[PDB]
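Below: structure37.pdb (PDB, C-alpha atoms and all ligand atoms)
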```pdb
ATOM      1  CA  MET A   1      79.831 207.872 -64.652  1.00  0.00           C
ATOM      2  CA  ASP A   2      82.011 210.934 -63.870  1.00  0.00           C
ATOM      3  CA  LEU A   3      81.129 211.964 -60.344  1.00  0.00           C
ATOM      4  CA  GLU A   4      80.243 215.624 -59.951  1.00  0.00           C
ATOM      5  CA  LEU A   5      81.161 217.659 -56.874  1.00  0.00           C
ATOM      6  CA  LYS A   6      77.493 218.478 -56.363  1.00  0.00           C
ATOM      7  CA  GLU A   7      76.642 214.777 -56.326  1.00  0.00           C
ATOM      8  CA  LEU A   8      79.459 213.969 -53.933  1.00  0.00           C
ATOM      9  CA  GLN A   9      78.139 216.639 -51.605  1.00  0.00           C
ATOM     10  CA  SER A  10      74.439 215.712 -51.826  1.00  0.00           C
ATOM     11  CA  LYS A  11      75.082 211.964 -51.438  1.00  0.00           C
ATOM     12  CA  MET A  12      77.309 212.523 -48.417  1.00  0.00           C
ATOM     13  CA  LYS A  13      74.611 214.734 -46.848  1.00  0.00           C
ATOM     14  CA  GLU A  14      72.052 211.975 -47.298  1.00  0.00           C
ATOM     15  CA  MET A  15      74.341 209.452 -45.623  1.00  0.00           C
ATOM     16  CA  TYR A  16      75.913 211.415 -42.801  1.00  0.00           C
ATOM     17  CA  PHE A  17      74.209 214.748 -42.085  1.00  0.00           C
ATOM     18  CA  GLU A  18      71.906 213.426 -39.337  1.00  0.00           C
ATOM     19  CA  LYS A  19      74.805 211.949 -37.376  1.00  0.00           C
ATOM     20  CA  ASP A  20      77.065 214.968 -37.997  1.00  0.00           C
ATOM     21  CA  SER A  21      74.269 217.345 -36.914  1.00  0.00           C
ATOM     22  CA  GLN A  22      73.788 215.366 -33.704  1.00  0.00           C
ATOM     23  CA  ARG A  23      77.438 215.572 -32.740  1.00  0.00           C
ATOM     24  CA  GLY A  24      77.891 219.229 -33.627  1.00  0.00           C
ATOM     25  CA  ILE A  25      80.374 221.310 -35.530  1.00  0.00           C
ATOM     26  CA  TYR A  26      83.434 221.165 -33.225  1.00  0.00           C
ATOM     27  CA  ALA A  27      83.273 217.396 -32.665  1.00  0.00           C
ATOM     28  CA  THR A  28      82.809 216.984 -36.445  1.00  0.00           C
ATOM     29  CA  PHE A  29      85.909 219.150 -37.011  1.00  0.00           C
ATOM     30  CA  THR A  30      87.723 216.982 -34.433  1.00  0.00           C
ATOM     31  CA  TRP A  31      86.908 213.930 -36.612  1.00  0.00           C
ATOM     32  CA  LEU A  32      88.311 215.758 -39.657  1.00  0.00           C
ATOM     33  CA  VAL A  33      91.514 216.327 -37.682  1.00  0.00           C
ATOM     34  CA  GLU A  34      91.622 212.689 -36.626  1.00  0.00           C
ATOM     35  CA  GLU A  35      91.573 211.778 -40.331  1.00  0.00           C
ATOM     36  CA  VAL A  36      94.187 214.380 -41.234  1.00  0.00           C
ATOM     37  CA  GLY A  37      96.329 212.578 -38.640  1.00  0.00           C
ATOM     38  CA  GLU A  38      95.647 209.267 -40.339  1.00  0.00           C
ATOM     39  CA  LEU A  39      96.737 210.855 -43.622  1.00  0.00           C
ATOM     40  CA  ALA A  40      99.952 211.932 -41.869  1.00  0.00           C
ATOM     41  CA  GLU A  41     100.560 208.350 -40.761  1.00  0.00           C
ATOM     42  CA  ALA A  42      99.893 207.108 -44.286  1.00  0.00           C
ATOM     43  CA  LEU A  43     102.374 209.543 -45.824  1.00  0.00           C
ATOM     44  CA  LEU A  44     105.020 208.749 -43.206  1.00  0.00           C
ATOM     45  CA  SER A  45     104.607 205.018 -43.892  1.00  0.00           C
ATOM     46  CA  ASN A  46     104.657 205.607 -47.713  1.00  0.00           C
ATOM     47  CA  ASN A  47     101.797 203.117 -47.923  1.00  0.00           C
ATOM     48  CA  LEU A  48      99.838 204.001 -51.039  1.00  0.00           C
ATOM     49  CA  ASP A  49      96.847 201.915 -49.982  1.00  0.00           C
ATOM     50  CA  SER A  50      96.608 203.877 -46.767  1.00  0.00           C
ATOM     51  CA  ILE A  51      97.175 207.188 -48.564  1.00  0.00           C
ATOM     52  CA  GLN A  52      94.314 206.415 -50.949  1.00  0.00           C
ATOM     53  CA  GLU A  53      91.953 205.622 -48.065  1.00  0.00           C
ATOM     54  CA  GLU A  54      92.847 208.643 -45.938  1.00  0.00           C
ATOM     55  CA  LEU A  55      92.618 211.086 -48.845  1.00  0.00           C
ATOM     56  CA  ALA A  56      89.056 209.895 -49.361  1.00  0.00           C
ATOM     57  CA  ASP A  57      88.327 210.245 -45.656  1.00  0.00           C
ATOM     58  CA  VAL A  58      89.770 213.778 -45.450  1.00  0.00           C
ATOM     59  CA  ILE A  59      87.624 214.867 -48.401  1.00  0.00           C
ATOM     60  CA  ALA A  60      84.574 213.167 -46.883  1.00  0.00           C
ATOM     61  CA  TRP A  61      84.894 214.960 -43.521  1.00  0.00           C
ATOM     62  CA  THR A  62      85.631 218.299 -45.238  1.00  0.00           C
ATOM     63  CA  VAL A  63      82.374 217.795 -47.160  1.00  0.00           C
ATOM     64  CA  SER A  64      80.675 217.049 -43.822  1.00  0.00           C
ATOM     65  CA  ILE A  65      81.679 220.476 -42.543  1.00  0.00           C
ATOM     66  CA  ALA A  66      80.488 222.119 -45.786  1.00  0.00           C
ATOM     67  CA  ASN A  67      77.125 220.434 -45.357  1.00  0.00           C
ATOM     68  CA  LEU A  68      76.827 221.435 -41.684  1.00  0.00           C
ATOM     69  CA  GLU A  69      77.625 225.027 -42.655  1.00  0.00           C
ATOM     70  CA  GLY A  70      75.276 225.165 -45.644  1.00  0.00           C
ATOM     71  CA  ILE A  71      78.081 225.938 -48.137  1.00  0.00           C
ATOM     72  CA  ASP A  72      78.186 224.611 -51.739  1.00  0.00           C
ATOM     73  CA  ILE A  73      81.712 223.236 -52.134  1.00  0.00           C
ATOM     74  CA  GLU A  74      81.719 223.600 -55.941  1.00  0.00           C
ATOM     75  CA  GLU A  75      80.997 227.324 -55.741  1.00  0.00           C
ATOM     76  CA  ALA A  76      83.448 227.763 -52.855  1.00  0.00           C
ATOM     77  CA  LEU A  77      86.157 226.243 -55.082  1.00  0.00           C
ATOM     78  CA  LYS A  78      85.199 228.273 -58.141  1.00  0.00           C
ATOM     79  CA  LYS A  79      85.146 231.486 -56.119  1.00  0.00           C
ATOM     80  CA  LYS A  80      88.696 231.006 -54.862  1.00  0.00           C
ATOM     81  CA  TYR A  81      90.330 229.076 -57.754  1.00  0.00           C
ATOM     82  CA  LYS A  82      90.386 229.368 -61.564  1.00  0.00           C
ATOM     83  CA  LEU A  83      88.160 226.371 -62.366  1.00  0.00           C
TER      84      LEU A  83
ATOM     85  CA  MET B   1      78.674 223.608 -65.923  1.00  0.00           C
ATOM     86  CA  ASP B   2      78.668 220.996 -63.109  1.00  0.00           C
ATOM     87  CA  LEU B   3      82.283 220.533 -62.115  1.00  0.00           C
ATOM     88  CA  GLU B   4      83.446 216.930 -62.050  1.00  0.00           C
ATOM     89  CA  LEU B   5      85.931 215.600 -59.500  1.00  0.00           C
ATOM     90  CA  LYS B   6      88.194 214.490 -62.333  1.00  0.00           C
ATOM     91  CA  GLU B   7      88.221 218.021 -63.733  1.00  0.00           C
ATOM     92  CA  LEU B   8      88.902 219.553 -60.342  1.00  0.00           C
ATOM     93  CA  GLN B   9      91.853 217.221 -59.970  1.00  0.00           C
ATOM     94  CA  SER B  10      93.301 217.682 -63.477  1.00  0.00           C
ATOM     95  CA  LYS B  11      92.926 221.485 -63.419  1.00  0.00           C
ATOM     96  CA  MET B  12      94.584 221.731 -60.015  1.00  0.00           C
ATOM     97  CA  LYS B  13      97.470 219.559 -61.273  1.00  0.00           C
ATOM     98  CA  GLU B  14      97.978 221.892 -64.215  1.00  0.00           C
ATOM     99  CA  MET B  15      98.090 224.913 -61.919  1.00  0.00           C
ATOM    100  CA  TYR B  16     100.037 223.679 -58.922  1.00  0.00           C
ATOM    101  CA  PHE B  17     101.831 220.365 -59.489  1.00  0.00           C
ATOM    102  CA  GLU B  18     105.176 221.903 -60.514  1.00  0.00           C
ATOM    103  CA  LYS B  19     105.366 224.020 -57.366  1.00  0.00           C
ATOM    104  CA  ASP B  20     104.090 221.204 -55.118  1.00  0.00           C
ATOM    105  CA  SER B  21     106.614 218.771 -56.649  1.00  0.00           C
ATOM    106  CA  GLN B  22     109.434 221.234 -55.991  1.00  0.00           C
ATOM    107  CA  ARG B  23     108.582 221.608 -52.327  1.00  0.00           C
ATOM    108  CA  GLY B  24     107.993 217.923 -51.664  1.00  0.00           C
ATOM    109  CA  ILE B  25     105.387 215.816 -49.965  1.00  0.00           C
ATOM    110  CA  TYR B  26     105.949 216.711 -46.280  1.00  0.00           C
ATOM    111  CA  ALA B  27     106.101 220.479 -46.854  1.00  0.00           C
ATOM    112  CA  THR B  28     102.966 220.146 -49.028  1.00  0.00           C
ATOM    113  CA  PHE B  29     101.248 218.266 -46.175  1.00  0.00           C
ATOM    114  CA  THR B  30     102.414 221.051 -43.825  1.00  0.00           C
ATOM    115  CA  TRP B  31     100.556 223.549 -46.069  1.00  0.00           C
ATOM    116  CA  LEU B  32      97.430 221.364 -45.872  1.00  0.00           C
ATOM    117  CA  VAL B  33      97.714 221.518 -42.081  1.00  0.00           C
ATOM    118  CA  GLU B  34      98.188 225.276 -42.173  1.00  0.00           C
ATOM    119  CA  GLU B  35      94.868 225.489 -44.040  1.00  0.00           C
ATOM    120  CA  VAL B  36      93.132 223.069 -41.685  1.00  0.00           C
ATOM    121  CA  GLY B  37      94.197 225.536 -38.974  1.00  0.00           C
ATOM    122  CA  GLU B  38      92.668 228.389 -40.933  1.00  0.00           C
ATOM    123  CA  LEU B  39      89.455 226.361 -41.161  1.00  0.00           C
ATOM    124  CA  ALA B  40      89.594 225.978 -37.366  1.00  0.00           C
ATOM    125  CA  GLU B  41      89.886 229.746 -36.986  1.00  0.00           C
ATOM    126  CA  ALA B  42      86.977 230.248 -39.375  1.00  0.00           C
ATOM    127  CA  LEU B  43      84.730 227.862 -37.451  1.00  0.00           C
ATOM    128  CA  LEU B  44      85.690 229.402 -34.105  1.00  0.00           C
ATOM    129  CA  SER B  45      84.874 232.879 -35.450  1.00  0.00           C
ATOM    130  CA  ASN B  46      81.570 231.616 -37.012  1.00  0.00           C
ATOM    131  CA  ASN B  47      82.459 233.698 -40.061  1.00  0.00           C
ATOM    132  CA  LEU B  48      80.750 232.054 -43.011  1.00  0.00           C
ATOM    133  CA  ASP B  49      82.855 233.956 -45.535  1.00  0.00           C
ATOM    134  CA  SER B  50      85.997 232.596 -43.948  1.00  0.00           C
ATOM    135  CA  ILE B  51      84.520 229.096 -43.657  1.00  0.00           C
ATOM    136  CA  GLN B  52      83.694 229.105 -47.370  1.00  0.00           C
ATOM    137  CA  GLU B  53      87.243 230.145 -48.289  1.00  0.00           C
ATOM    138  CA  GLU B  54      89.016 227.676 -46.005  1.00  0.00           C
ATOM    139  CA  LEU B  55      86.847 224.736 -47.065  1.00  0.00           C
ATOM    140  CA  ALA B  56      87.940 225.416 -50.630  1.00  0.00           C
ATOM    141  CA  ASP B  57      91.566 225.666 -49.545  1.00  0.00           C
ATOM    142  CA  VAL B  58      91.455 222.409 -47.549  1.00  0.00           C
ATOM    143  CA  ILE B  59      90.000 220.574 -50.552  1.00  0.00           C
ATOM    144  CA  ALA B  60      92.578 222.176 -52.851  1.00  0.00           C
ATOM    145  CA  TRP B  61      95.568 221.068 -50.739  1.00  0.00           C
ATOM    146  CA  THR B  62      94.083 217.575 -50.258  1.00  0.00           C
ATOM    147  CA  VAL B  63      93.879 217.362 -54.062  1.00  0.00           C
ATOM    148  CA  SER B  64      97.519 218.510 -54.190  1.00  0.00           C
ATOM    149  CA  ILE B  65      98.542 215.503 -52.116  1.00  0.00           C
ATOM    150  CA  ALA B  66      96.444 213.178 -54.313  1.00  0.00           C
ATOM    151  CA  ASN B  67      98.217 214.534 -57.371  1.00  0.00           C
ATOM    152  CA  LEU B  68     101.683 214.190 -55.805  1.00  0.00           C
ATOM    153  CA  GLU B  69     100.851 210.590 -54.890  1.00  0.00           C
ATOM    154  CA  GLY B  70      99.355 209.656 -58.260  1.00  0.00           C
ATOM    155  CA  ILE B  71      95.937 208.756 -56.781  1.00  0.00           C
ATOM    156  CA  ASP B  72      92.588 209.411 -58.544  1.00  0.00           C
ATOM    157  CA  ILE B  73      90.432 211.069 -55.882  1.00  0.00           C
ATOM    158  CA  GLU B  74      87.136 210.024 -57.516  1.00  0.00           C
ATOM    159  CA  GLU B  75      88.059 206.342 -57.383  1.00  0.00           C
ATOM    160  CA  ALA B  76      89.480 206.705 -53.865  1.00  0.00           C
ATOM    161  CA  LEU B  77      86.089 208.084 -52.767  1.00  0.00           C
ATOM    162  CA  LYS B  78      84.085 205.440 -54.607  1.00  0.00           C
ATOM    163  CA  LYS B  79      86.232 202.661 -53.165  1.00  0.00           C
ATOM    164  CA  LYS B  80      85.609 203.748 -49.581  1.00  0.00           C
ATOM    165  CA  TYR B  81      82.096 205.288 -49.796  1.00  0.00           C
ATOM    166  CA  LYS B  82      78.767 204.318 -51.401  1.00  0.00           C
ATOM    167  CA  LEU B  83      78.783 206.857 -54.252  1.00  0.00           C
TER     168      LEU B  83
HETATM  169 LI    LI C 101      90.630 207.188 -42.324  1.00  0.00          LI
HETATM  170 LI    LI C 102      93.063 229.510 -46.592  1.00  0.00          LI
END
```
Could you spell out this file's structure in structure tokens?
Ligand SMILES: [Li+]
Ligand SMILES: [Li+]
Amino acid sequence: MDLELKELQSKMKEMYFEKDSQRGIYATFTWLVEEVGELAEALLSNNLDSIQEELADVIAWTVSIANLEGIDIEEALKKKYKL
Amino acid sequence: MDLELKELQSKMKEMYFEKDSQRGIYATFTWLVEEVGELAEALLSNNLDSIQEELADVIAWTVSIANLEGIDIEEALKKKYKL
């Protein structure tokens, strides 16, 4: 029931890695930025529904980059932060 | 051992919410953007060590915004994505 980081990462890879691989790293980063912009819009509008959606999208595209780069996000977090 | 999203979020709130609250939502978003820029630099340099660090930092600041906005990131993800 409680989603693990490792499961988030592996499930996203199964869904999106083929497409992300095809487009390449810089275009995938450009999508991340597009979604960071949508998060900006959501915060500026103070629309919690939008904020909720764009937070999910920003995480999802950050995970995409982790998957393209072969980096475990859980261990990246634990290396840098006290977790 | 396997870090849950809910634990990531709650632990980050304990560490950083007071400081993030003090600075406010738009300055906190500005820090997120600063780290997205560092991720850009890391990708451009193809330095995996840097990429690993900045991915962690981008997630961490995205979680900061979720905490400031009172949004559960796990449920945000599950609402938008098949997880
Ligand atoms: Li979005
Ligand atoms: Li950073």
(request) Apply the PyMOL selection byres (((not hetatm)) within 7 of (chain C and resi 101)) to the displayed file and report the matching residues as a ChimeraX atom specification. (result) /A:35,38,53-54,57
(message) What does the list of residues within 10 Å of ligand LI 102 (chain C) look like if you count all atoms listed in the file, written as JSON, numbers by chain?
(response) {"A": [80], "B": [31, 32, 34, 35, 36, 37, 38, 39, 42, 50, 51, 52, 53, 54, 55, 56, 57, 58, 60, 61]}
Transformed chain A, reference chain B, in-order C-alpha pairing, as a PDB file with C-alpha atoms, in the frame of the given file:
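Okay, superposed.pdb is ready:
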```pdb
ATOM      1  CA  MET A   1      78.674 223.608 -65.923  1.00  0.00           C
ATOM      2  CA  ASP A   2      78.668 220.997 -63.109  1.00  0.00           C
ATOM      3  CA  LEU A   3      82.283 220.533 -62.115  1.00  0.00           C
ATOM      4  CA  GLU A   4      83.446 216.930 -62.051  1.00  0.00           C
ATOM      5  CA  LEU A   5      85.930 215.600 -59.500  1.00  0.00           C
ATOM      6  CA  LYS A   6      88.194 214.490 -62.334  1.00  0.00           C
ATOM      7  CA  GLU A   7      88.221 218.020 -63.733  1.00  0.00           C
ATOM      8  CA  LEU A   8      88.902 219.553 -60.342  1.00  0.00           C
ATOM      9  CA  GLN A   9      91.854 217.221 -59.970  1.00  0.00           C
ATOM     10  CA  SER A  10      93.300 217.681 -63.476  1.00  0.00           C
ATOM     11  CA  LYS A  11      92.926 221.485 -63.419  1.00  0.00           C
ATOM     12  CA  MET A  12      94.584 221.731 -60.015  1.00  0.00           C
ATOM     13  CA  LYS A  13      97.470 219.559 -61.273  1.00  0.00           C
ATOM     14  CA  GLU A  14      97.978 221.893 -64.216  1.00  0.00           C
ATOM     15  CA  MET A  15      98.090 224.913 -61.919  1.00  0.00           C
ATOM     16  CA  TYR A  16     100.036 223.679 -58.922  1.00  0.00           C
ATOM     17  CA  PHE A  17     101.831 220.365 -59.489  1.00  0.00           C
ATOM     18  CA  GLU A  18     105.175 221.903 -60.514  1.00  0.00           C
ATOM     19  CA  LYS A  19     105.366 224.019 -57.365  1.00  0.00           C
ATOM     20  CA  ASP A  20     104.089 221.204 -55.118  1.00  0.00           C
ATOM     21  CA  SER A  21     106.614 218.771 -56.649  1.00  0.00           C
ATOM     22  CA  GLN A  22     109.434 221.235 -55.991  1.00  0.00           C
ATOM     23  CA  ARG A  23     108.582 221.608 -52.327  1.00  0.00           C
ATOM     24  CA  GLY A  24     107.994 217.923 -51.664  1.00  0.00           C
ATOM     25  CA  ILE A  25     105.387 215.817 -49.965  1.00  0.00           C
ATOM     26  CA  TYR A  26     105.949 216.712 -46.280  1.00  0.00           C
ATOM     27  CA  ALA A  27     106.102 220.479 -46.854  1.00  0.00           C
ATOM     28  CA  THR A  28     102.966 220.145 -49.028  1.00  0.00           C
ATOM     29  CA  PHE A  29     101.249 218.266 -46.175  1.00  0.00           C
ATOM     30  CA  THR A  30     102.414 221.051 -43.825  1.00  0.00           C
ATOM     31  CA  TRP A  31     100.555 223.549 -46.068  1.00  0.00           C
ATOM     32  CA  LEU A  32      97.430 221.364 -45.872  1.00  0.00           C
ATOM     33  CA  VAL A  33      97.714 221.518 -42.080  1.00  0.00           C
ATOM     34  CA  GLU A  34      98.188 225.276 -42.173  1.00  0.00           C
ATOM     35  CA  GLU A  35      94.868 225.489 -44.040  1.00  0.00           C
ATOM     36  CA  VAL A  36      93.132 223.069 -41.684  1.00  0.00           C
ATOM     37  CA  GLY A  37      94.197 225.536 -38.974  1.00  0.00           C
ATOM     38  CA  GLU A  38      92.668 228.388 -40.933  1.00  0.00           C
ATOM     39  CA  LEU A  39      89.455 226.361 -41.161  1.00  0.00           C
ATOM     40  CA  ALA A  40      89.595 225.979 -37.366  1.00  0.00           C
ATOM     41  CA  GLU A  41      89.886 229.747 -36.987  1.00  0.00           C
ATOM     42  CA  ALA A  42      86.977 230.248 -39.375  1.00  0.00           C
ATOM     43  CA  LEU A  43      84.730 227.862 -37.450  1.00  0.00           C
ATOM     44  CA  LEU A  44      85.690 229.402 -34.105  1.00  0.00           C
ATOM     45  CA  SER A  45      84.874 232.879 -35.451  1.00  0.00           C
ATOM     46  CA  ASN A  46      81.570 231.616 -37.012  1.00  0.00           C
ATOM     47  CA  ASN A  47      82.459 233.698 -40.061  1.00  0.00           C
ATOM     48  CA  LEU A  48      80.750 232.054 -43.012  1.00  0.00           C
ATOM     49  CA  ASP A  49      82.855 233.956 -45.535  1.00  0.00           C
ATOM     50  CA  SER A  50      85.997 232.596 -43.948  1.00  0.00           C
ATOM     51  CA  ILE A  51      84.520 229.096 -43.656  1.00  0.00           C
ATOM     52  CA  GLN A  52      83.694 229.105 -47.370  1.00  0.00           C
ATOM     53  CA  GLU A  53      87.243 230.144 -48.289  1.00  0.00           C
ATOM     54  CA  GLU A  54      89.016 227.676 -46.005  1.00  0.00           C
ATOM     55  CA  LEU A  55      86.846 224.736 -47.065  1.00  0.00           C
ATOM     56  CA  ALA A  56      87.941 225.416 -50.630  1.00  0.00           C
ATOM     57  CA  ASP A  57      91.566 225.666 -49.545  1.00  0.00           C
ATOM     58  CA  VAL A  58      91.454 222.409 -47.549  1.00  0.00           C
ATOM     59  CA  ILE A  59      90.000 220.574 -50.552  1.00  0.00           C
ATOM     60  CA  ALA A  60      92.578 222.176 -52.851  1.00  0.00           C
ATOM     61  CA  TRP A  61      95.568 221.069 -50.740  1.00  0.00           C
ATOM     62  CA  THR A  62      94.084 217.575 -50.258  1.00  0.00           C
ATOM     63  CA  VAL A  63      93.879 217.362 -54.062  1.00  0.00           C
ATOM     64  CA  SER A  64      97.519 218.510 -54.189  1.00  0.00           C
ATOM     65  CA  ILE A  65      98.542 215.503 -52.116  1.00  0.00           C
ATOM     66  CA  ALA A  66      96.443 213.178 -54.313  1.00  0.00           C
ATOM     67  CA  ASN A  67      98.217 214.534 -57.371  1.00  0.00           C
ATOM     68  CA  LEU A  68     101.683 214.189 -55.805  1.00  0.00           C
ATOM     69  CA  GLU A  69     100.851 210.590 -54.890  1.00  0.00           C
ATOM     70  CA  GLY A  70      99.355 209.656 -58.260  1.00  0.00           C
ATOM     71  CA  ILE A  71      95.937 208.756 -56.781  1.00  0.00           C
ATOM     72  CA  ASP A  72      92.589 209.411 -58.543  1.00  0.00           C
ATOM     73  CA  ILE A  73      90.432 211.070 -55.883  1.00  0.00           C
ATOM     74  CA  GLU A  74      87.136 210.024 -57.516  1.00  0.00           C
ATOM     75  CA  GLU A  75      88.059 206.342 -57.383  1.00  0.00           C
ATOM     76  CA  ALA A  76      89.480 206.705 -53.865  1.00  0.00           C
ATOM     77  CA  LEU A  77      86.089 208.084 -52.766  1.00  0.00           C
ATOM     78  CA  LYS A  78      84.085 205.440 -54.607  1.00  0.00           C
ATOM     79  CA  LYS A  79      86.232 202.661 -53.165  1.00  0.00           C
ATOM     80  CA  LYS A  80      85.609 203.747 -49.581  1.00  0.00           C
ATOM     81  CA  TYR A  81      82.096 205.288 -49.796  1.00  0.00           C
ATOM     82  CA  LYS A  82      78.766 204.318 -51.401  1.00  0.00           C
ATOM     83  CA  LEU A  83      78.783 206.857 -54.253  1.00  0.00           C
TER      84      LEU A  83
END
```
(request) Give the answer as one residue: which of A:64, A:41, A:10, A:77 has the shortest atom-to-atom distance to chain B, using only C-alpha atoms? (result)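 Checking each of A:64, A:41, A:10, A:77 against chain B, counting only C-alpha atoms, the winner is A:77.
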(request) Return as an MDAnalysis selection string the residues belonging to chain A that are within 10 Å of chain B, counting only C-alpha atoms. (result) chainID A and resid 2:8 11:12 15 25:26 29:30 32:33 36:37 39:40 43:44 46 48:49 51:60 62:63 65:66 69:83
(request) Grab the atom CA of residue 1 of chain B to atom CA of residue 67 of chain A distance for me, in Å with one decimal place. (result)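 Separation between atom CA of residue 1 of chain B and atom CA of residue 67 of chain A: 20.9 Å.
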(request) Work out how far atom CA of residue 9 of chain B is from atom CA of residue 9 of chain A, in Å to one decimal. (result) 16.1 Å
(request) Tell me, in Å to one decimal, how far atom CA of residue 45 of chain A is from atom CA of residue 19 of chain B. (result)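 Computed distance, atom CA of residue 45 of chain A to atom CA of residue 19 of chain B, equals 23.3 Å.
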Show me, as lines of an AutoDock Vina configuration file, the centre and edge lengths in Å to one decimal of the axis-aligned box that covers every listed atom of segment 8-27 of chain A with 3 Å on each side.
```
center_x = 77.7
center_y = 215.4
center_z = -43.3
size_x = 17.5
size_y = 17.9
size_z = 27.3
```
